[PDB]
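Chains A and B are the protein sequences, given in the same order.
End of the first sequence sits at 126 in the working numbering; the numbers just go up one at a time, nothing left out.
End of the second sequence sits at 1048 in the working numbering; the numbers just go up one at a time, nothing left out.
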Amino acid sequence: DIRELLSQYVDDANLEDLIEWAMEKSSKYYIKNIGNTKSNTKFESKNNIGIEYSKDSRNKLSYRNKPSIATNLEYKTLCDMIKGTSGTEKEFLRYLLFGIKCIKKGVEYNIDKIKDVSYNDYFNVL
Amino acid sequence: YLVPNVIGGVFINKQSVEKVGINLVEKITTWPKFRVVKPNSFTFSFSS
């Protein structure tokens, strides 16, 4: 049913490629809430301030503060992506929304085929 | 009159014991001292 919205947003020439990439990279990179308590070494201090800020539980709210300042008004798949989608299709819609923004920007939507800067042309002497 | 071999640098005790001394690093610091007591809590101790 999302092909209606995705043909509203972009052509049907790089469409199911976008769909399969968003599906497998959303089911691959799905992130839960993992740990980070102070009952369990040191990074750079500019990041360590925020890290030991985020270690404690009193700096976090008990329930999620929903966003208020309205963004993404050209692409209003967010209107369902707020709370109609919460399982795998939420991150699937997020990934295809990023792909739609990249392909309307006219640039590569993947990150695997953004190929590495090979640095062993500077460090291959002797 | 200078005795031509002795360099000295010693003290004679009350029991004719030769006492010699080393140099010691002072406890007072010329730069202030930084410390991390608990994370995101820091200490800067100086002296005058």
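A virtual CB, placed ideally from N, CA and C, is assigned to each residue, including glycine.
Helix, strand or coil at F1034 of chain B according to DSSP, with G and I counted as helix: Taking the first residue of the second sequence as 1, we reach residue 1034 of chain B at position 34. Three-state result, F1034 of chain B: strand.
Does the beta carbon of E4 of chain A sit closer than 7 Å to a beta carbon anywhere in chain B? Indexing the first sequence from 1 puts residue 4 of chain A at position 4. No, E4 of chain A lies away from the interface with chain B (no Cβ there is under 7 Å from its Cβ).
Check each residue of the region 1017–1040 of chain B: if its Cβ is closer than 7 Å to any Cβ of chain A, include it; give the result in chain order. Correct list: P1039, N1040.
Hey, how far is the Cα of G50 of chain A from the Cα of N120 of chain A? Locating residue 50 of chain A in the first sequence gives position 50, where the first residue counts as 1. Locating residue 120 of chain A in the first sequence gives position 120, where the first residue counts as 1. Taking the straight line joining both Cα atoms gives about 34 Å.
The beta strand (DSSP E) that contains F1042 of chain B, what's its start and end? Position 42 of the second sequence, counted from the start, is the residue given in the question as residue 1042 of chain B. Unbroken beta strand (DSSP E) run through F1042 of chain B: 1042–1045.
Is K1019 of chain B helix, strand or coil when you go by DSSP? Locating residue 1019 of chain B in the second sequence gives position 19, where the first residue counts as 1. Strand at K1019 of chain B.
Should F123 of chain A be labelled buried (16 or more other beta-carbon atoms within 10 Å of its own) or exposed? Within the first sequence, residue 123 of chain A is the residue found at index 123, counting from 1. By the Cβ neighbour-count rule, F123 of chain A is exposed, with fewer than 16 other Cβ atoms within 10 Å of its own.
Secondary structure of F43 of chain A, DSSP reduced to three states: By 1-based counting over the first sequence, the position of residue 43 of chain A is 43. Note: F43 of chain A maps to coil in three-state DSSP.
Could you tell me the boundaries of the alpha helix (DSSP H) in which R3 of chain A lies? Position 3 of the first sequence, counted from the first residue, corresponds to residue 3 of chain A. Where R3 of chain A is concerned, the enclosing alpha helix (DSSP H) stretches over 2–9.
Please list the partners that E52 of chain A has in chain B, where partner means a Cβ-to-Cβ separation under 8 Å. If you number the first sequence from 1, residue 52 of chain A lands on position 52. Around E52 of chain A, the beta-carbon contacts reaching into chain B at under 8 Å are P1039, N1040.
By how many angstroms is the C-alpha of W21 of chain A removed from the C-alpha of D112 of chain A? For this step, residue 112 of chain A is matched to residue 112 along the first sequence. For this step, residue 21 of chain A is matched to residue 21 along the first sequence. Cα to Cα, the separation comes out at about 11 Å.
Taking the C-alpha atoms as reference points, what is the distance between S39 of chain A and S54 of chain A? Looking up residue 39 of chain A in the first sequence gives position 39. Looking up residue 54 of chain A in the first sequence gives position 54. Cα to Cα, the separation comes out at about 13 Å.
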